[PDB]
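Chemist: coords_8.pdb is reproduced below (PDB, C-alpha atoms).
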ATOM      1  CA  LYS A   1      64.516 107.418  99.827
ATOM      2  CA  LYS A   2      63.761 108.343 103.450
ATOM      3  CA  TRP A   3      64.830 107.629 107.026
ATOM      4  CA  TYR A   4      62.866 105.328 109.285
ATOM      5  CA  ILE A   5      63.558 103.897 112.679
ATOM      6  CA  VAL A   6      63.376 100.149 112.911
ATOM      7  CA  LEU A   7      62.769  98.718 116.351
ATOM      8  CA  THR A   8      64.851  95.827 117.662
ATOM      9  CA  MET A   9      65.678  94.466 121.082
ATOM     10  CA  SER A  10      68.149  96.607 122.992
ATOM     11  CA  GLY A  11      71.577  95.327 121.999
ATOM     12  CA  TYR A  12      70.538  93.553 118.773
ATOM     13  CA  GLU A  13      70.927  96.528 116.442
ATOM     14  CA  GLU A  14      74.047  95.237 114.756
ATOM     15  CA  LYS A  15      72.468  91.877 113.939
ATOM     16  CA  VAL A  16      69.498  93.583 112.295
ATOM     17  CA  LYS A  17      71.788  95.691 110.100
ATOM     18  CA  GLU A  18      73.703  92.610 109.036
ATOM     19  CA  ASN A  19      70.542  90.609 108.416
ATOM     20  CA  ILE A  20      69.041  93.372 106.323
ATOM     21  CA  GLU A  21      72.252  93.709 104.351
ATOM     22  CA  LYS A  22      72.341  89.961 103.787
ATOM     23  CA  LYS A  23      68.694  89.716 102.761
ATOM     24  CA  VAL A  24      69.419  92.415 100.186
ATOM     25  CA  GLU A  25      72.250  90.254  98.889
ATOM     26  CA  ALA A  26      70.544  86.858  98.962
ATOM     27  CA  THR A  27      67.533  88.395  97.293
ATOM     28  CA  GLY A  28      68.868  90.782  94.671
ATOM     29  CA  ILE A  29      66.418  93.486  95.682
ATOM     30  CA  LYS A  30      68.823  96.420  95.810
ATOM     31  CA  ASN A  31      66.469  99.318  95.119
ATOM     32  CA  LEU A  32      64.648  99.379  98.460
ATOM     33  CA  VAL A  33      67.195  99.932 101.181
ATOM     34  CA  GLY A  34      69.956 102.505 101.082
ATOM     35  CA  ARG A  35      72.081 103.460 104.079
ATOM     36  CA  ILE A  36      71.682 101.975 107.548
ATOM     37  CA  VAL A  37      72.950 103.765 110.637
ATOM     38  CA  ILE A  38      73.392 102.742 114.269
ATOM     39  CA  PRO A  39      74.167 106.062 116.038
ATOM     40  CA  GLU A  40      77.159 105.525 118.254
ATOM     41  CA  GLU A  41      78.996 108.041 120.388
ATOM     42  CA  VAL A  42      82.741 107.675 120.556
ATOM     43  CA  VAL A  43      84.003 108.491 124.032
ATOM     44  CA  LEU A  44      87.536 108.640 125.404
ATOM     45  CA  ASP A  45      88.617 105.454 127.169
ATOM     46  CA  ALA A  46      92.336 105.885 127.799
ATOM     47  CA  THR A  47      94.241 107.339 130.719
ATOM     48  CA  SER A  48      97.175 107.941 128.361
ATOM     49  CA  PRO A  49      98.328 107.615 124.671
ATOM     50  CA  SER A  50      98.447 104.289 122.854
ATOM     51  CA  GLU A  51     100.718 105.893 120.360
ATOM     52  CA  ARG A  52     102.872 108.965 120.707
ATOM     53  CA  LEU A  53     104.495 109.999 117.464
ATOM     54  CA  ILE A  54     107.134 112.721 117.637
ATOM     55  CA  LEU A  55     107.667 114.810 114.515
ATOM     56  CA  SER A  56     109.586 117.750 113.145
ATOM     57  CA  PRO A  57     107.919 121.172 113.422
ATOM     58  CA  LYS A  58     107.823 121.126 109.610
ATOM     59  CA  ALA A  59     105.800 117.888 109.541
ATOM     60  CA  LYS A  60     102.578 118.175 107.554
ATOM     61  CA  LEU A  61      99.806 116.719 109.733
ATOM     62  CA  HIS A  62      96.903 114.949 108.062
ATOM     63  CA  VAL A  63      94.986 114.878 111.327
ATOM     64  CA  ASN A  64      93.941 117.267 114.100
ATOM     65  CA  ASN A  65      92.900 117.412 117.762
ATOM     66  CA  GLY A  66      89.728 115.486 118.549
ATOM     67  CA  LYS A  67      89.852 113.592 115.253
ATOM     68  CA  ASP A  68      89.210 109.843 115.311
ATOM     69  CA  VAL A  69      91.444 107.585 113.213
ATOM     70  CA  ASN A  70      91.772 103.928 112.156
ATOM     71  CA  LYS A  71      94.841 101.720 112.596
ATOM     72  CA  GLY A  72      96.060 102.346 109.055
ATOM     73  CA  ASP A  73      95.298 105.949 108.328
ATOM     74  CA  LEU A  74      97.945 108.377 107.170
ATOM     75  CA  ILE A  75      98.338 110.748 110.078
ATOM     76  CA  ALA A  76     101.368 112.767 109.056
ATOM     77  CA  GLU A  77     104.086 113.401 106.517
ATOM     78  CA  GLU A  78     107.654 114.652 106.881
ATOM     79  CA  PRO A  79     108.923 116.684 103.884
ATOM     80  CA  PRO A  80     111.921 115.665 101.759
ATOM     81  CA  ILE A  81     115.368 116.934 102.633
ATOM     82  CA  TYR A  82     117.040 119.380 100.272
ATOM     83  CA  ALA A  83     120.645 120.491  99.944
ATOM     84  CA  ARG A  84     120.726 124.095 101.059
ATOM     85  CA  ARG A  85     123.966 124.713  99.222
ATOM     86  CA  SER A  86     126.080 123.165  96.477
ATOM     87  CA  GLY A  87     129.167 121.219  97.508
ATOM     88  CA  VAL A  88     130.739 117.816  98.015
ATOM     89  CA  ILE A  89     129.919 115.292 100.718
ATOM     90  CA  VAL A  90     132.949 115.100 102.991
ATOM     91  CA  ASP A  91     131.515 112.833 105.656
ATOM     92  CA  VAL A  92     128.697 110.360 106.075
ATOM     93  CA  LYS A  93     128.440 108.955 109.568
ATOM     94  CA  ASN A  94     126.177 106.499 111.332
ATOM     95  CA  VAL A  95     124.647 108.225 114.305
ATOM     96  CA  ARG A  96     121.882 107.487 116.804
ATOM     97  CA  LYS A  97     119.462 110.302 117.616
ATOM     98  CA  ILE A  98     118.228 110.208 121.192
ATOM     99  CA  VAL A  99     115.623 112.756 122.131
ATOM    100  CA  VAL A 100     115.205 113.368 125.883
ATOM    101  CA  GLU A 101     112.156 115.048 127.425
ATOM    102  CA  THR A 102     112.965 116.556 130.803
ATOM    103  CA  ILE A 103     110.732 117.002 133.848
ATOM    104  CA  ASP A 104     110.987 120.746 133.280
ATOM    105  CA  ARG A 105     108.811 119.741 130.294
ATOM    106  CA  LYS A 106     108.195 122.206 127.453
ATOM    107  CA  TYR A 107     111.176 121.517 125.193
ATOM    108  CA  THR A 108     113.366 118.571 124.430
ATOM    109  CA  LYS A 109     117.082 117.694 124.330
ATOM    110  CA  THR A 110     118.348 115.942 121.205
ATOM    111  CA  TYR A 111     121.546 113.896 121.290
ATOM    112  CA  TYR A 112     123.554 112.382 118.455
ATOM    113  CA  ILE A 113     125.761 109.524 119.550
ATOM    114  CA  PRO A 114     128.121 108.211 116.850
ATOM    115  CA  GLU A 115     127.411 104.503 116.433
ATOM    116  CA  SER A 116     131.187 103.925 116.596
ATOM    117  CA  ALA A 117     130.933 104.923 120.266
ATOM    118  CA  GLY A 118     128.577 102.031 121.003
ATOM    119  CA  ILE A 119     125.026 102.928 121.963
ATOM    120  CA  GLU A 120     124.349 101.850 125.528
ATOM    121  CA  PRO A 121     122.343  98.621 125.633
ATOM    122  CA  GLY A 122     119.105  99.224 127.523
ATOM    123  CA  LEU A 123     118.200 102.515 125.894
ATOM    124  CA  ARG A 124     114.600 102.606 124.690
ATOM    125  CA  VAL A 125     111.760 105.077 124.293
ATOM    126  CA  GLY A 126     110.500 105.311 127.859
ATOM    127  CA  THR A 127     113.894 104.862 129.496
ATOM    128  CA  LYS A 128     114.669 107.212 132.387
ATOM    129  CA  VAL A 129     118.063 108.896 132.255
ATOM    130  CA  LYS A 130     120.016 110.995 134.732
ATOM    131  CA  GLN A 131     122.948 113.395 134.487
ATOM    132  CA  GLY A 132     126.332 111.696 134.501
ATOM    133  CA  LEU A 133     124.844 108.497 133.126
ATOM    134  CA  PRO A 134     126.646 107.697 129.860
ATOM    135  CA  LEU A 135     124.654 107.204 126.685
ATOM    136  CA  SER A 136     127.633 105.766 124.822
ATOM    137  CA  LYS A 137     129.066 102.370 125.777
ATOM    138  CA  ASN A 138     132.389 104.097 126.430
ATOM    139  CA  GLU A 139     133.251 107.636 127.474
ATOM    140  CA  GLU A 140     132.122 110.867 125.824
ATOM    141  CA  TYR A 141     128.438 111.563 125.222
ATOM    142  CA  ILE A 142     127.127 111.530 128.774
ATOM    143  CA  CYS A 143     123.582 112.629 129.607
ATOM    144  CA  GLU A 144     123.515 116.229 130.850
ATOM    145  CA  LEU A 145     119.859 116.332 131.876
ATOM    146  CA  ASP A 146     117.570 114.020 133.835
ATOM    147  CA  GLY A 147     114.572 112.993 131.752
ATOM    148  CA  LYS A 148     113.106 110.226 129.609
ATOM    149  CA  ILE A 149     113.756 109.152 126.050
ATOM    150  CA  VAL A 150     110.789 109.988 123.816
ATOM    151  CA  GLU A 151     112.536 109.055 120.574
ATOM    152  CA  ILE A 152     115.547 107.108 119.467
ATOM    153  CA  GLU A 153     116.268 106.811 115.793
ATOM    154  CA  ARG A 154     119.111 105.674 113.565
ATOM    155  CA  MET A 155     120.384 108.332 111.194
ATOM    156  CA  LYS A 156     123.163 109.209 108.840
ATOM    157  CA  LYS A 157     125.080 112.385 109.503
ATOM    158  CA  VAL A 158     125.843 113.955 106.132
ATOM    159  CA  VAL A 159     128.351 116.795 105.940
ATOM    160  CA  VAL A 160     128.356 118.778 102.729
ATOM    161  CA  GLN A 161     131.296 121.101 102.269
ATOM    162  CA  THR A 162     131.118 124.251 100.203
ATOM    163  CA  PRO A 163     133.863 125.197  97.710
ATOM    164  CA  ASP A 164     135.219 127.904 100.008
ATOM    165  CA  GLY A 165     135.193 125.558 102.987
ATOM    166  CA  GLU A 166     131.952 126.127 104.887
ATOM    167  CA  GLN A 167     129.718 123.201 105.855
ATOM    168  CA  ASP A 168     126.099 122.078 105.997
ATOM    169  CA  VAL A 169     125.123 119.196 108.236
ATOM    170  CA  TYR A 170     122.107 117.048 107.593
ATOM    171  CA  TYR A 171     120.753 114.150 109.591
ATOM    172  CA  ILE A 172     119.134 111.600 107.284
ATOM    173  CA  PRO A 173     116.717 109.144 108.850
ATOM    174  CA  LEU A 174     118.314 105.753 108.059
ATOM    175  CA  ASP A 175     115.207 104.235 106.479
ATOM    176  CA  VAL A 176     115.348 106.936 103.786
ATOM    177  CA  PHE A 177     119.116 106.873 103.402
ATOM    178  CA  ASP A 178     120.036 106.528  99.724
ATOM    179  CA  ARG A 179     123.482 104.986  99.169
ATOM    180  CA  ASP A 180     123.978 106.307  95.663
ATOM    181  CA  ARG A 181     122.898 109.887  96.338
ATOM    182  CA  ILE A 182     124.582 110.014  99.740
ATOM    183  CA  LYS A 183     128.207 108.951  99.799
ATOM    184  CA  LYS A 184     131.535 110.501 100.706
ATOM    185  CA  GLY A 185     133.011 112.234  97.681
ATOM    186  CA  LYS A 186     129.797 112.917  95.816
ATOM    187  CA  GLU A 187     128.840 116.289  94.430
ATOM    188  CA  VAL A 188     125.528 117.599  95.703
ATOM    189  CA  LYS A 189     123.755 120.538  94.099
ATOM    190  CA  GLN A 190     121.624 123.227  95.691
ATOM    191  CA  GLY A 191     117.978 122.206  95.634
ATOM    192  CA  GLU A 192     118.846 118.531  95.257
ATOM    193  CA  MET A 193     116.681 116.162  97.257
ATOM    194  CA  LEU A 194     119.087 114.312  99.536
ATOM    195  CA  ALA A 195     116.232 112.250 100.917
ATOM    196  CA  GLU A 196     112.561 111.657 100.188
ATOM    197  CA  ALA A 197     109.570 112.515 102.341
ATOM    198  CA  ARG A 198     108.305 110.092 104.989
ATOM    199  CA  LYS A 199     104.740 109.008 105.691
ATOM    200  CA  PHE A 200     103.273 107.953 109.021
ATOM    201  CA  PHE A 201     100.211 105.874 109.730
ATOM    202  CA  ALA A 202      98.242 105.336 112.903
ATOM    203  CA  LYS A 203      99.803 102.397 114.731
ATOM    204  CA  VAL A 204      96.491 102.208 116.574
ATOM    205  CA  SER A 205      92.844 103.298 116.245
ATOM    206  CA  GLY A 206      91.509 106.032 118.534
ATOM    207  CA  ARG A 207      91.232 109.779 119.114
ATOM    208  CA  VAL A 208      94.147 112.002 118.182
ATOM    209  CA  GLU A 209      95.584 114.801 120.233
ATOM    210  CA  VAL A 210      98.342 116.906 118.676
ATOM    211  CA  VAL A 211     100.893 119.123 120.391
ATOM    212  CA  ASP A 212     102.038 121.940 118.115
ATOM    213  CA  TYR A 213     105.293 123.501 119.291
ATOM    214  CA  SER A 214     108.126 125.356 117.580
ATOM    215  CA  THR A 215     110.466 122.671 118.924
ATOM    216  CA  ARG A 216     108.406 119.728 117.656
ATOM    217  CA  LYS A 217     105.030 118.320 116.737
ATOM    218  CA  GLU A 218     103.395 115.314 118.341
ATOM    219  CA  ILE A 219     100.504 113.074 117.470
ATOM    220  CA  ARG A 220      99.060 111.150 120.397
ATOM    221  CA  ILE A 221      96.360 108.548 119.787
ATOM    222  CA  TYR A 222      94.103 107.481 122.661
ATOM    223  CA  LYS A 223      91.955 104.383 122.929
ATOM    224  CA  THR A 224      88.292 105.315 122.666
ATOM    225  CA  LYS A 225      85.067 103.504 123.499
ATOM    226  CA  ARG A 226      81.802 103.478 121.541
ATOM    227  CA  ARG A 227      78.336 103.844 123.076
ATOM    228  CA  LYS A 228      75.061 103.270 121.232
ATOM    229  CA  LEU A 229      73.078 106.462 121.740
ATOM    230  CA  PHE A 230      69.667 104.811 121.232
ATOM    231  CA  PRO A 231      69.376 101.152 122.208
ATOM    232  CA  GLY A 232      66.848  99.287 120.075
ATOM    233  CA  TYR A 233      66.832 101.757 117.194
ATOM    234  CA  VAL A 234      68.135 101.117 113.704
ATOM    235  CA  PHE A 235      67.941 103.988 111.249
ATOM    236  CA  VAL A 236      67.469 102.700 107.798
ATOM    237  CA  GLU A 237      67.198 104.757 104.624
ATOM    238  CA  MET A 238      64.539 103.249 102.359
ATOM    239  CA  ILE A 239      61.623 103.824 100.059
ATOM    240  CA  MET A 240      58.476 103.046 101.977
ATOM    241  CA  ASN A 241      55.796 100.899 100.385
ATOM    242  CA  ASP A 242      54.239  97.466 100.847
ATOM    243  CA  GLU A 243      57.342  95.697  99.509
ATOM    244  CA  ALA A 244      59.963  97.763 101.324
ATOM    245  CA  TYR A 245      57.903  97.517 104.517
ATOM    246  CA  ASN A 246      57.480  93.759 104.328
ATOM    247  CA  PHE A 247      61.028  93.402 103.077
ATOM    248  CA  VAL A 248      62.536  94.955 106.218
ATOM    249  CA  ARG A 249      59.742  94.108 108.702
ATOM    250  CA  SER A 250      60.220  90.380 108.158
ATOM    251  CA  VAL A 251      63.916  90.449 108.931
ATOM    252  CA  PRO A 252      64.875  88.292 111.930
ATOM    253  CA  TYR A 253      64.987  90.404 115.099
ATOM    254  CA  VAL A 254      63.208  93.300 113.437
ATOM    255  CA  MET A 255      60.406  94.047 115.896
ATOM    256  CA  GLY A 256      58.660  96.828 114.018
ATOM    257  CA  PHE A 257      58.885 100.473 113.043
ATOM    258  CA  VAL A 258      58.353 103.651 114.971
ATOM    259  CA  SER A 259      54.962 104.626 113.591
ATOM    260  CA  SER A 260      51.884 106.568 114.669
ATOM    261  CA  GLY A 261      49.040 104.765 112.927
ATOM    262  CA  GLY A 262      49.679 102.866 109.719
ATOM    263  CA  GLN A 263      52.600 103.168 107.316
ATOM    264  CA  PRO A 264      55.747 104.130 109.347
ATOM    265  CA  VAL A 265      56.752 107.724 110.011
ATOM    266  CA  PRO A 266      59.872 109.093 108.206
ATOM    267  CA  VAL A 267      62.105 110.832 110.793
ATOM    268  CA  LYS A 268      61.614 114.586 111.103
ATOM    269  CA  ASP A 269      64.593 116.417 109.558
ATOM    270  CA  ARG A 270      65.323 118.198 112.826
ATOM    271  CA  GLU A 271      65.504 114.910 114.713
ATOM    272  CA  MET A 272      67.619 113.103 112.084
ATOM    273  CA  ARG A 273      70.324 115.759 111.795
ATOM    274  CA  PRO A 274      72.313 114.647 114.840
ATOM    275  CA  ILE A 275      72.087 111.053 113.562
ATOM    276  CA  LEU A 276      73.569 112.044 110.219
ATOM    277  CA  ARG A 277      76.327 114.202 111.754
ATOM    278  CA  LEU A 278      77.283 111.490 114.209
ATOM    279  CA  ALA A 279      77.309 109.188 111.185
ATOM    280  CA  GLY A 280      79.711 111.429 109.307
ATOM    281  CA  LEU A 281      77.035 111.586 106.632
ATOM    282  CA  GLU A 282      76.681 115.337 106.941
ATOM    283  CA  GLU A 283      79.696 117.626 106.996
ATOM    284  CA  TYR A 284      78.996 120.208 109.691
ATOM    285  CA  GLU A 285      80.615 123.262 111.287
ATOM    286  CA  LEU A 286      81.577 129.859 132.311
ATOM    287  CA  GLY A 287      80.209 128.779 135.699
ATOM    288  CA  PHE A 288      78.102 125.800 134.593
ATOM    289  CA  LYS A 289      76.487 123.660 137.262
ATOM    290  CA  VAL A 290      74.898 120.224 137.412
ATOM    291  CA  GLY A 291      71.214 120.641 136.579
ATOM    292  CA  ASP A 292      71.883 123.788 134.553
ATOM    293  CA  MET A 293      69.773 124.153 131.402
ATOM    294  CA  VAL A 294      71.990 124.710 128.368
ATOM    295  CA  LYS A 295      71.619 125.001 124.622
ATOM    296  CA  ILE A 296      73.841 123.015 122.290
ATOM    297  CA  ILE A 297      75.203 125.499 119.800
ATOM    298  CA  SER A 298      77.631 123.317 117.891
ATOM    299  CA  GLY A 299      78.021 119.734 116.705
ATOM    300  CA  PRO A 300      75.717 116.796 115.880
ATOM    301  CA  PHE A 301      73.278 117.919 118.531
ATOM    302  CA  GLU A 302      73.403 121.588 117.569
ATOM    303  CA  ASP A 303      70.193 123.531 118.235
ATOM    304  CA  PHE A 304      69.084 121.134 120.971
ATOM    305  CA  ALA A 305      68.169 122.045 124.525
ATOM    306  CA  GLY A 306      69.696 120.057 127.355
ATOM    307  CA  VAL A 307      70.387 119.602 131.048
ATOM    308  CA  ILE A 308      73.887 119.350 132.482
ATOM    309  CA  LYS A 309      74.227 116.067 134.289
ATOM    310  CA  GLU A 310      77.950 115.502 134.653
ATOM    311  CA  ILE A 311      80.772 118.058 134.494
ATOM    312  CA  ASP A 312      84.451 117.382 133.796
ATOM    313  CA  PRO A 313      86.642 120.488 134.066
ATOM    314  CA  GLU A 314      90.356 120.203 133.306
ATOM    315  CA  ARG A 315      88.890 118.584 130.208
ATOM    316  CA  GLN A 316      86.165 121.158 129.597
ATOM    317  CA  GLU A 317      83.647 118.370 129.004
ATOM    318  CA  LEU A 318      79.955 118.043 129.829
ATOM    319  CA  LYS A 319      77.524 115.157 129.957
ATOM    320  CA  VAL A 320      74.150 116.647 129.139
ATOM    321  CA  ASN A 321      70.777 114.976 128.839
ATOM    322  CA  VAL A 322      68.919 115.796 125.651
ATOM    323  CA  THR A 323      65.502 114.741 124.454
ATOM    324  CA  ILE A 324      65.301 113.243 120.979
ATOM    325  CA  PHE A 325      62.518 110.903 119.898
ATOM    326  CA  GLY A 326      61.051 111.590 123.319
ATOM    327  CA  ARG A 327      64.065 109.750 124.695
ATOM    328  CA  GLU A 328      66.213 111.068 127.525
ATOM    329  CA  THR A 329      69.702 110.848 126.034
ATOM    330  CA  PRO A 330      73.056 111.639 127.646
ATOM    331  CA  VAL A 331      75.508 113.206 125.245
ATOM    332  CA  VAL A 332      79.115 114.146 125.834
ATOM    333  CA  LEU A 333      80.491 117.365 124.373
ATOM    334  CA  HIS A 334      82.776 120.348 124.962
ATOM    335  CA  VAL A 335      81.821 123.390 127.034
ATOM    336  CA  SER A 336      82.597 125.385 123.909
ATOM    337  CA  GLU A 337      79.492 123.791 122.378
ATOM    338  CA  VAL A 338      76.916 124.958 124.897
ATOM    339  CA  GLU A 339      75.319 128.105 126.321
ATOM    340  CA  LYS A 340      73.811 128.593 129.771
ATOM    341  CA  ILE A 341      70.570 130.098 128.432
TER
END
What do you get writing this file as structure tokens?

Modeler:
Amino acid sequence: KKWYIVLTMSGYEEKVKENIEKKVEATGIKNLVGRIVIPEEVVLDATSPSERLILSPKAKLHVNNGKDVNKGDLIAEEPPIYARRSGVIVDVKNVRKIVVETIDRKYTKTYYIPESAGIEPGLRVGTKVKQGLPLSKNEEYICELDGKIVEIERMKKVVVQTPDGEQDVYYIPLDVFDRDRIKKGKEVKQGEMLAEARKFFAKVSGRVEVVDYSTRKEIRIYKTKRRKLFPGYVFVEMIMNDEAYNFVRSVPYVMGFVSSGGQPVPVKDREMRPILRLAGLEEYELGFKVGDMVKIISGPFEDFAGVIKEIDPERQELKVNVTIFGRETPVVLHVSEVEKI
């Protein structure tokens, strides 16, 4: 029913959590121990993306800058495609979409090379291209702009023709192409879904960074590292009495509790709050120099004093030393989360 710190040897925290969890299982005593937390700090650990997903500007994102995700999470969703006007399909054509990002950055060049023109072998995401270099195995469709491919995708070009003769062009991603809905000669109606929505899941675990442009959205996922904030501490939620005490105290590798005199001290609310926030167990809201005293104003460690120790501009990051549990503790955070006092 309350938080207590269990002492272990530095670097044995995880074993103690497992042991405790097992003892609970092998024992059937399930009313003593609740949640068990080993406060870790997730830091960036990648010089560049481990996934870069490129998406339409109309892509619903289920993530957001700074967010941390696991290898299977839904990170985005592309809406369905709808016929803008009524008419008949007059052409359906296999077409490769090749999106080139140029050194002049900022916005991208999309190409559509008819499959019947042979897509050049050797073209992949990451491939450098220069002007004059063909993209098609034959003539036509030459690259007009030096850059790199950031997306290549098979599609169907669907041309719907209105009764008076005008035309709408849609590019259907192949994997959602629907042979019975989408075929030359078929009547489409305004509002008709020509293709379903698409989902997207993290190919990798890490921290997301999204670019939100009018030209396109991106999700980038970077490999992160985890660092135990307090070696030798295990925070365990538990009723505290003889039985609970002895129950956890006698776990292998459990060395004791943090306690003044007798029965162990339940962590002060103020000191536990960062633990909880780091644990995702609570849902929460200029010229700095090394050695500067600052106040954390946001985040897990909100309301804590600190000392700048490391500064990382062009990332607007700070490593500041904070005292919790009378322990000097380096925490990473954004400049937007501190004040210079």

Chemist: On this structure, which residues satisfy the PyMOL selection byres ((chain A and resi 1) around 9), written as a list in words?

Modeler: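 So the PyMOL selection byres ((chain A and resi 1) around 9), applied here, picks out residues 2, 3, 32, 33, 34, 237, 238, 239 and 240 of chain A.
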
Chemist: What is the distance, in Å and to one decimal place, between CA of residue 19 in chain A and CA of residue 331 in chain A?

Modeler: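 Distance between the two atoms: 28.6 Å.
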
Chemist: Within 7 Å of (81.4, 116.0, 129.4), in the coordinates the file gives, what residues turn up when you count all atoms listed in the file, written out as a list in words?

Modeler: residues 310, 311, 312, 317, 318, 319, 332, 333 and 334 of chain A

Chemist: Could you list the residues chosen by the PyMOL selection byres ((chain A and resi 40-53) around 8) in this structure as a list in words?

Modeler: residues 38, 39, 54, 55, 202, 203, 204, 207, 218, 219, 220, 221, 222, 223, 224, 225, 226, 227, 228, 229, 278, 279, 331 and 332 of chain A

Chemist: Using only C-alpha atoms, find the one residue out of A:117, A:169, A:100, A:63 that sits nearest to residue 84 in chain A.

Modeler: A:169

Chemist: Could you jot down the CA of residue 274 in chain A to CA of residue 298 in chain A separation for me, Å, one decimal place?

Modeler: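 Between CA of residue 274 in chain A and CA of residue 298 in chain A the gap is 10.6 Å.
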
Chemist: I'd like to know which of A:13, A:209, A:178, A:91 is closest to residue 157 in chain A, using all atoms listed in the file.

Modeler: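 The closest residue to residue 157 in chain A is A:91.
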
Chemist: When distances are computed from all atoms listed in the file, which of A:123, A:75, A:5, A:244 shows the smallest separation from residue 31 in chain A?

Modeler: A:244

Chemist: I need the residue set behind the PyMOL selection byres ((chain A and resi 160) around 12) for this file; please write it as a short mmCIF file (atom, residue, chain, number, x, y, z; two decimals) with C-alpha atoms, in the frame of the given file.

Modeler:
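Now in result-v6.cif:
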data_model
loop_
_atom_site.label_atom_id
_atom_site.label_comp_id
_atom_site.auth_asym_id
_atom_site.auth_seq_id
_atom_site.Cartn_x
_atom_site.Cartn_y
_atom_site.Cartn_z
CA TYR A 82 117.04 119.38 100.27
CA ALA A 83 120.64 120.49 99.94
CA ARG A 84 120.73 124.10 101.06
CA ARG A 85 123.97 124.71 99.22
CA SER A 86 126.08 123.16 96.48
CA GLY A 87 129.17 121.22 97.51
CA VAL A 88 130.74 117.82 98.02
CA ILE A 89 129.92 115.29 100.72
CA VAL A 90 132.95 115.10 102.99
CA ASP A 91 131.51 112.83 105.66
CA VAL A 92 128.70 110.36 106.08
CA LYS A 93 128.44 108.96 109.57
CA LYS A 157 125.08 112.38 109.50
CA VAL A 158 125.84 113.96 106.13
CA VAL A 159 128.35 116.80 105.94
CA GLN A 161 131.30 121.10 102.27
CA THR A 162 131.12 124.25 100.20
CA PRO A 163 133.86 125.20 97.71
CA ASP A 164 135.22 127.90 100.01
CA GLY A 165 135.19 125.56 102.99
CA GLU A 166 131.95 126.13 104.89
CA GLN A 167 129.72 123.20 105.86
CA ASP A 168 126.10 122.08 106.00
CA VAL A 169 125.12 119.20 108.24
CA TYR A 170 122.11 117.05 107.59
CA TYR A 171 120.75 114.15 109.59
CA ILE A 182 124.58 110.01 99.74
CA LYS A 183 128.21 108.95 99.80
CA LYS A 184 131.54 110.50 100.71
CA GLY A 185 133.01 112.23 97.68
CA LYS A 186 129.80 112.92 95.82
CA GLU A 187 128.84 116.29 94.43
CA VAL A 188 125.53 117.60 95.70
CA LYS A 189 123.76 120.54 94.10
CA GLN A 190 121.62 123.23 95.69
CA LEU A 194 119.09 114.31 99.54
#

Chemist: Find, counting all atoms listed in the file, the residue in A:199, A:309, A:340, A:249 that gets nearest to residue 287 in chain A.

Modeler: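 For residue 287 in chain A, the nearest of the given residues is A:340.
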
Chemist: So, counting only C-alpha atoms, which residue among A:307, A:281, A:81, A:258 is closest to residue 232 in chain A?

Modeler: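 Among A:307, A:281, A:81, A:258, it is A:258 that comes nearest to residue 232 in chain A.
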